[PDB]
Novice: 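Take a look at the following structure, please.
Reckoned from all heavy atoms, side chains included, excluding hydrogens, waters and symmetry mates. By convention in this document, chain letters (A, B, ...) are assigned in the order of the sequence lines, proteins followed by strands, and residues within each chain are numbered from 1.
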Protein chains: 4
Amino acid sequence: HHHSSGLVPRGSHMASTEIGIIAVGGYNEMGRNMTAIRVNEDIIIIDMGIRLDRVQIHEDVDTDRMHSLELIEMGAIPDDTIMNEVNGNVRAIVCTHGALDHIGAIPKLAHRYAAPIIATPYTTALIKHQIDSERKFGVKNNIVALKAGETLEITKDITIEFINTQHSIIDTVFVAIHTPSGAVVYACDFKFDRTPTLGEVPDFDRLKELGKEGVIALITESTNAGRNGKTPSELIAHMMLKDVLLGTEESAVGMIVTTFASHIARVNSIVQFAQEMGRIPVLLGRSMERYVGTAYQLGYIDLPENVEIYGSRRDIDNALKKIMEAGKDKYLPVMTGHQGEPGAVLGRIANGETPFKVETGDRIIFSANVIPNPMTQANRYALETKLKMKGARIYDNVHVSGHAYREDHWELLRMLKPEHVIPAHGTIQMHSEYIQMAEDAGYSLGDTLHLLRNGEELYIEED
Amino acid sequence: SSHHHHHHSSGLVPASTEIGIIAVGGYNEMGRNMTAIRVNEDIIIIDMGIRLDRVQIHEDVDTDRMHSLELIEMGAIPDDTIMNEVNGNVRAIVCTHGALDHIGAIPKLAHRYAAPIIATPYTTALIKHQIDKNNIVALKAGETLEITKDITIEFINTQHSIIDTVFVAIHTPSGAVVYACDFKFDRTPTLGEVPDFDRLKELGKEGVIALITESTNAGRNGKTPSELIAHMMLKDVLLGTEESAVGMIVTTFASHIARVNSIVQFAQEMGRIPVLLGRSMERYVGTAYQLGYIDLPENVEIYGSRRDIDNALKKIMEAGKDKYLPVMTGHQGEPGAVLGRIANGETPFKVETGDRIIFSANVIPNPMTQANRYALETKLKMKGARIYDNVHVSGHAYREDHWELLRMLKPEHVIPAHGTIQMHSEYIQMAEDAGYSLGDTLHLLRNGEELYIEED
Amino acid sequence: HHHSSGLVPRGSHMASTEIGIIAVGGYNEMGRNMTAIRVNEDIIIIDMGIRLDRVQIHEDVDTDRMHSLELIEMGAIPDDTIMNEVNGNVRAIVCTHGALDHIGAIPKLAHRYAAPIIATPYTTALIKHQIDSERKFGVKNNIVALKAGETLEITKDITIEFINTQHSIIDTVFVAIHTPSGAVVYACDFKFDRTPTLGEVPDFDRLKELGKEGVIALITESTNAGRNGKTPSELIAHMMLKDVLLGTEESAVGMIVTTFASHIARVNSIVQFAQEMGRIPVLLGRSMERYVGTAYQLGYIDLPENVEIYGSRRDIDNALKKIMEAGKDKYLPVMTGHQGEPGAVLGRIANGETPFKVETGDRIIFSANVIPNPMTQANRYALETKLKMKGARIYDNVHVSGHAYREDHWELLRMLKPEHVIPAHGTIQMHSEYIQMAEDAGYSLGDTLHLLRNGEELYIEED
Amino acid sequence: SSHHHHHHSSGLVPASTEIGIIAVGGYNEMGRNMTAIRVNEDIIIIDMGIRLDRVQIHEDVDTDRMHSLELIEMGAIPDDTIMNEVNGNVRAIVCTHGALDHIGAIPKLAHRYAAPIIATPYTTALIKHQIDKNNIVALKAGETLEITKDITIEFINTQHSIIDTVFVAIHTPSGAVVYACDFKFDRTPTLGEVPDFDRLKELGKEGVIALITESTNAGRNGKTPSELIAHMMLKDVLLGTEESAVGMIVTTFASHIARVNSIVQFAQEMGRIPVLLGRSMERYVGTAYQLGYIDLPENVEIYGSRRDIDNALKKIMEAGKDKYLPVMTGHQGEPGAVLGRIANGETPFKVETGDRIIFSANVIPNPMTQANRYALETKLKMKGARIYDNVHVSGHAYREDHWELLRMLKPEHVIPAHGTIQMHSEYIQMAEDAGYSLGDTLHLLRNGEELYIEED
RNA sequence: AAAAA
RNA sequence: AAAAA
RNA sequence: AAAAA
RNA sequence: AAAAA
């Protein structure tokens, strides 16, 4: 004899999709970021970064004579040889922004793929300017400019959407890969910033919509997931830098500012402050000219008429000779070398290889943090020791992070409601931080939350 | 056969003043600050603080049952028994502000001196409320008070993590002795005034014999971020949220009136009614309001007693946590404070997953307070709370702030105070950069030592 | 038409075994260790520890009135309710040693299982003495004494082997669970020590043999896997303590030594040193009497005739009154309270609640480390501050770790050659350290190397 | 009407000596140690060291092309130009041992003084080899040397990370000035003798005016572990292995002769032939052997030149790494050292997975050396090496060692040296526990300052 | 770099 | 959490 | 708390 | 990497 135990309504499945999340670089370390998203047999590569400290430990630096495999053995750059064991063909290369941890390895690995590079206008410009700077013949991927808010079809089954976000470089995007079974979202090198000083407010609405439409997997950075609270706004750094530059009873002293050439919002703030304190803003260093110049040409920043930009050593040295013999109090040199890079303008000033002589009382403002690696900490120590031994006053860490804190990740997780989460852009320790946060959010390790190592592929079969 | 020459000096003259800088407390540690400035035989005492951590290591606090000498043996409070060896008489007791590290020992030591207590209005109010006896004189920033035919005291406005904080300048016939401790340059305060740089420069040109100044954050690079920074960060944490109807608790220094001000303003700007909870909140904020230092919105609610507080939390819980912004005590996980009691479930307020707890304060770097803070945060986290930490800006001068202070006052002698010998070491390296020499024009004093400064 | 592509010789499989590695407690934190090894449908529980700091954060301590579930909610103790979702029956409970992070939760959870407790003689003694110390009625598991080197049959298919190892408590073992498909080895709270001061030299031969016989899975601690090199021998701590106690030109000063009551090798060394410096070794504190007394009765340590042991408050206070009024220079008090435990002898001396008064010059030797938790760091700070304020001279950290370092794990891995490795006894951060080491040894995460969280079961099907 | 009384003192007497303690270098930093002790108008210089990190921040080392003044501007070496303001004449230059932080600046500054260099035999040997000019006098531990009718210098044996290290006692008609820097109490040395506690106590009772002593590890709790501890740990690392035929490299201080001794002994006990590689290994160990301080087994091999070294490594590689124990330079990842060259693959020796690299040294806490060490270890690890770090014991006295030193010598005045102001702060807290008072009997000197001590 | 009731 | 010419 | 060739 | 009575 037999009783009924109830009934189960079974859902339909009009599209099965096989998703691959391939960790190539930047899952075991910082710098050489590369991820590959496989939809069935088509592959979208996301970012191709470089890791600088692996270049610095070798007294040979070179980095432009060495080709891909030697750099991979140093790594340095992502080991993409594993792509030969991935069951698909690369259809596109997305670069979510233009800093070296996302495009630094483009000129070394991108030319081997039969795919266009898709990026934002500013990013595309930086990639182009960089590709045209190796002159080894000679294949160049075409570059498609895709703006935040725009969508691009790659395949009958694959579309790529850019969503604007904030970061320490302008024009940074989340990328959503739409598949017949739903979306794969990539959100790395980002920060929620509700009061940006240059870009736009993050697209929380679209994030929520995506959440409701269906997100299969989220690949997101774990870099500062261990840091408590929310990332302070860029406005905070704006305010602090303002206070450091204007708030002084020793006004006619002579001040040098140094920061990331790629941090366009920061540089912008600095030149405005120069205009508010009666000094002539003069930008020094090749990379200043590259990044800030490019940002200006494409209309991302406005520059005052008296702004001066110098890229060549003799232009720079003669500009510093002009400043030195006119009164340091009349200029605000905005220059490269905050990490004590050998050869940068500030490092050359510190060695006295320059008409500019730092004298007691002079104020040097590092609008940047020291990167937690022994190499750059050494270069910074030597730089600072020299500058102080010549009597300079050091203003350090006038800066705000470009990365999401724990609660930023919390809210992102609540908005996108991803089915699977994969931490990226960090060490396994950082991923451990992220994992604990995500578990608090209801995710389970090995189930809906996944710890990948470089070279590993997560297979997801969506019904 | 051999010769040389020398001019001899004449014994002719073309009232001498002897200065003593007596370090009493707060030169070997944090908290129990007390300095004594002797002009020949008249003495001005500056500040009388308490050190809380030396009270915490003994589980039996009752800081009002113990008399002065036992507190000194714990210390806790400054050892002023050394004043029995100082060749002078105390003519005044100056308190540069009203926080416990400047007035905490007032009720235990001040009564032994036949001298008035001189302080700013707010400070005087807190001292009065605290006593529950020296005369108390209210002296405002910018005003001068004569103490003796030869001695006057000037208050100069400055900024700090408590309102109405002053530098004090002791004017003598030989020049000024300046005391600048527990201070911060802030050119964009959210409460009070910008410090008096003009007067500092004037003083410098008039002649400063000695500067007694804090070394607390002399080790920190750069300049102290403005209170405006903490204002902005707190705004971002409180308003910048897609988890809006969650229920938020803010905790901070009850004495940081500027901060509490910012918080209640934000409460009015996020459509929650601000409820201030805890006895000390009632004390400091209440007093600040009565004296017209802070303005409060009509809907502001304050509860100091245990049952008032618990019934307020029962009211809040059963009306919607999303409708209130409780501003409460317990940011250091103080046993008995409102937040610590909420965390222990001894309260109608129950923390549930998602609730946001904002510590508008840093954790005090002492093992005791780090323990209490750890236990508190662990409990709150285990009940599902989301912790926003360090939404805060320092109340103390950084290295370059001291650089500029030194270059404005141009003192003949400098003495670091308000810290450990390590903090003083930082200050010393900075001052050496400015041209001072240790043991000559720069002096590292320990508690109990008297520095003699003579006229050339 | 058809060609042959070669042949493949296929192996036989005369016994399939399903293995479960269940992480119950101590995989997300320190202290409350509990693991469960499932062979088909029979379960061997390994260790049942407590986490002390979770008790300390509550101002209520109690820990003996509270029953299991409240302790689990604090946790504190392992959440073994998950055992109701594990497909098997518990046949035995192994305790690899007698310290609280292995037997601290025995009296709270063991009585719910219909299984005997298997342990070494010393461990068994401590478990018995502890069980007879709750007097709540009243079920007591029988305890089987199994010595290092001995094997015990539990099932037609399951045998348990003890292998001697070293640790900060005497009589510690690796446990090997022999199954028809091979062995599961558990090696937690251990240290290679080639010159022990009490136990035996580790059984490297047997480890190698096991390796060759076939190890399915290794569960091993990750606690100090991050620490570089090899764990220093106990002999090092012996030497340092000797030097601290004898090497002094201020000989008749009065010295107090404090250490782990359970560290029998250490205490032994101390009383021998007392005999070598003409002082009477007097042991104070209830737990000293418990652990050292027990170790003496079972013949693990020899004690000199003049040794004195006191467990009660009045015996202790009058012993200190005797010492105080006879000359501190004539005694070596060996007492509890190295973590500044409220109520311990040293903590009571520090509060002046004792005939013993510490005076300037007096030397207090902490033969122990400070546990990296804010609670115990607070208690230690208060204790030390009081002792120094009474003029004592503090000798700290005269101690050597009880846990394997990175290279110790390296060699263990090379000896056992396990098919699968699972890190245990630590946070996810410690496990991350272990994971990197194991990857260097050839293991692969998610494949032969497994990261478990509390409540998770790894299923292994051995052919 | 009113009265009191006082006894007046007589102007009768019931040769005065003025002591100057001049801090020249090594009081604000590590490395460039130099002190000058003035007795009225005769001066004894003690030590002349170099500071390596100030040389490293400039990539252009050549420390022999630069003359004294440029090295002083880098400093690098002590600024002894201040000696032009000191009212006295240098009668002797004492070097308490032969490591670079005591003799590194000898070839740059010693030649300007009309005075002999006095040192222990080994120290004299290293100075002589280094010079490639003052007279050099060898003075042994336990011996005394007359310098002046009023001044004698006594050497007292002590222990340290280099052999033949001494305390120096300067005897004057008013008592002794004792210098105890770069030292360690070690009652179980593996080389040399136990320090002379008897003589220290004797000195104490005879009368010590001033003690100049290191503060380097005064912050570390307890007592310095004996060199025997490092011996034992090194034994455990080298012999205690189930990975026996792997190939092992040991690196340590070339000047730490006791350590190298232990290592070669262990090499003979593990059936490997000890090969010492590197120029400085050849210098220090060679010199120590010739003078009979260390004994070497018959099979010992030493190579100082580049091709000798490379061909030795080619020999080793092609005979079996398991048969050799290379003892080489480069523990701090010094560019050009043997280990750094092996790590860069510029060498017949190739590191392969499993190889054990033993650093019998700690990493020096400076960003430069931490960088070099990081790059080195990363390379070695990337070639599969297993790193055994910190197999080492400190060469400097801990807090309680200083406690007992102070209680033995009973000096009237104490001056910390050989460290930063932070290290001195640690020492100061310890000395205050011992009864000394800062600015009175306890003195914190900076480079360039002269402390005057008069007779009562 | 502060308390808390 | 970044380079630099 | 030290260099290295 | 541990308790304590």
Novice: Separation of C:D315 atom CG from H:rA5 atom P, in whole Å?
Specialist: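 Roughly 13 Å, once rounded to whole Å.
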Novice: Kindly say if C:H399 contacts the phosphate of H:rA2, meaning a side-chain N or O under 4.0 Å from OP1 or OP2.
Specialist: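 Result: no.
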Novice: If I take atom CD1 in residue D:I309 and atom P in nucleotide G:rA5, what distance separates them, rounded to the nearest angstrom?
Specialist: 6 Å
Novice: Across the strands shown, which category fits B:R306 at heavy-atom distances under 4.0 angstrom: base, sugar-phosphate, nothing?
Specialist: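 Result for B:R306 = sugar-phosphate.
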Novice: If I take atom CG in residue A:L100 and atom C1' in nucleotide F:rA5, what distance separates them, rounded to the nearest angstrom?
Specialist: 13 Å
Novice: Would you mind telling me which residue lines up with the more 5' stretch of RNA chain H, C:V345 or C:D189, judged by nearest nucleotide?
Specialist: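 Mapping each residue to its closest nucleotide by heavy atoms, the 5'-most match is C:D189.
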Novice: RNA chain F: A:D64 or A:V400, which has the more 5' nearest nucleotide?
Specialist: A:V400
Novice: Between atom CG in D:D62 and atom P in G:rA4, what is the gap in whole Å?
Specialist: 17 Å
Novice: Between C:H102 and C:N33, do the side chains contain an N or O donor and an N or O acceptor separated by less than 3.5 Å?
Specialist: no
Novice: Taking the minimum atom-to-atom distance to the side chain of D:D101, which one of G:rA2, H:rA2, F:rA2 wins?
Specialist: G:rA2
Novice: Scan B:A99 against the nucleic acid and name what it touches under 4.0 Å (heavy atoms): base, sugar-phosphate only, or nothing.
Specialist: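 The answer is sugar-phosphate, as B:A99 gets under 4.0 Å only of primed atoms, P, OP1 or OP2.
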Novice: Check this one for me: any side-chain N or O of A:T376 less than 4.0 Å away from OP1 or OP2 of F:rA2?
Specialist: no
Novice: Any chance you could measure D:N362, atom CG, to D:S394, atom OG, to the nearest 0.5 Å?
Specialist: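 Interatomic distance, D:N362 CG to D:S394 OG, rounded to 0.5 Å: 8.0 Å.
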Novice: Strictly below 4.0 Å: does A:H167 bring a side-chain N or O up to OP1 or OP2 of F:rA1?
Specialist: no
Novice: Taking atom types as modelled, is there a side-chain donor on B:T369 or B:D53 under 3.5 Å from an acceptor on the other?
Specialist: no
Novice: Rounded to the nearest angstrom, tell me the gap between atom CG in A:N224 and atom P in F:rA1.
Specialist: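 So the CG-P distance, A:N224 to F:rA1, works out to 6 Å.
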Novice: So if I take every side-chain heavy atom of C:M30 and compare against G:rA4, H:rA1, E:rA3, which nucleotide ends up nearest?
Specialist: H:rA1
Novice: What is the distance, to the nearest angstrom, from the CG atom on A:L52 to the P atom on F:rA5?
Specialist: 13 Å
Novice: Test side-chain contact (heavy atoms from CB on, under 4.5 Å) on C:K191 and C:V400; report intermediate values, then the result.
Specialist: CA-CA 11 Å; C:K191 145 189 191 167; C:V400 143; 3.1 Å; yes
Novice: Is there a donor N/O on one and an acceptor N/O on the other, under 3.5 Å, for the side chain of C:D53 and the base of H:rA2?
Specialist: yes
Novice: Side-chain N or O of A:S401 versus OP1/OP2 of F:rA1: is the shortest distance under 4.0 Å?
Specialist: yes
Novice: Answer with base, sugar-phosphate or nothing: what part of the nucleic acid does A:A261 contact at a heavy-atom distance below 4.0 Å?
Specialist: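 The residue A:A261 makes sugar-phosphate contact but no base contact.
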Novice: OP1, OP2 of F:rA1 versus side-chain N and O of A:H102: anything below 4.0 Å?
Specialist: no
Novice: Mapping A:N373 and A:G285 to their closest nucleotides on RNA chain F, which lands nearer the 5' end?
Specialist: A:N373
Novice: If you compare every side-chain N and O of D:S255 against the phosphate oxygens of G:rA3 (OP1, OP2), does one of them come in below 4.0 Å?
Specialist: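 Yes, D:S255 has a side-chain N/O under 4.0 Å of OP1/OP2 on G:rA3.
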Novice: Report which part of the nucleic acid A:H263 touches: base, sugar-phosphate, or nothing (heavy-atom distance under 4.0 Å, all strands).
Specialist: nothing
Novice: Could you state the CD-P distance from C:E289 to H:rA4, rounded to the nearest angstrom?
Specialist: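 Answer to the nearest Å: 13 Å.
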Novice: When the distance from OH of B:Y284 to P of E:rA5 is rounded to whole Å, what number comes out?
Specialist: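 Taking atom P of E:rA5 as the reference, OH of B:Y284 is at 11 Å.
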Novice: Mind checking if C:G311 touches a base, just sugar-phosphate, or nothing, with heavy atoms under 4.0 Å?
Specialist: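 Nothing: the residue C:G311, judged by heavy atoms under 4.0 Å, touches no strand.
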Novice: Do the side chain of D:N372 and the base of G:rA4 come within less than 3.5 angstrom through a donor-acceptor pair of N or O atoms?
Specialist: no
Novice: Among side-chain atoms of A:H403 and A:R227, is any donor-acceptor pair under 3.5 angstrom?
Specialist: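 On atom types as modelled, these side chains do not qualify, holding no pair under 3.5 Å.
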Novice: With B:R306, which residues qualify under salt bridge (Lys or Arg N to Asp or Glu O under 4.0 Å), at least two apart?
Specialist: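 Applying salt bridge (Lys or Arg N to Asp or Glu O under 4.0 Å) to B:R306 gives none.
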Novice: Going from CE on B:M328 to CG on B:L339, what distance comes out if it is rounded to the nearest 0.5 angstrom?
Specialist: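 Going from CE on B:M328 over to CG on B:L339, the span is 6.0 Å.
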Novice: Among H:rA4, G:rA1, F:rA4, find the nucleotide with the atom closest to the side chain of C:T63.
Specialist: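 The closest nucleotide is H:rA4.
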Novice: C:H338 has a side chain; which of G:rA2, F:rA2, H:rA3 sits nearest to it?
Specialist: H:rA3
Novice: Counting any heavy atom closer than 4.0 Å, what does D:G395 reach on the DNA or RNA strands: base, sugar-phosphate only, or nothing?
Specialist: sugar-phosphate
Novice: Taking the side chain of A:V61 as heavy atoms from C-beta outward, which of G:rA1, F:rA3, E:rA2 is closest to it?
Specialist: F:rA3
Novice: Does a side-chain N or O of A:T336 approach OP1 or OP2 of F:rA5 to a distance below 4.0 Å, or not?
Specialist: yes
Novice: Select base, sugar-phosphate, or nothing to describe what D:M423 touches, counting heavy atoms under 4.0 Å on all strands.
Specialist: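 Here D:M423 touches the bases of the nucleic acid.
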Novice: So C:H425, base contact, sugar-phosphate only, or nothing? Heavy-atom distance under 4.0 Å.
Specialist: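 Nothing: the residue C:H425, judged by heavy atoms under 4.0 Å, touches no strand.
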Novice: With sequence neighbours excluded, tell me which residues meet side chain to side chain contact (heavy atoms under 4.5 Å, CB included) with C:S287.
Specialist: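 Partners of C:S287 under the side chain to side chain contact (heavy atoms under 4.5 Å, CB included) test: C:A261, C:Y291, C:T336.
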Novice: For B:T216 and E:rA1, is the shortest distance between a side-chain N/O and OP1 or OP2 below 4.0 Å?
Specialist: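 Answer is no, no contact under 4.0 Å.
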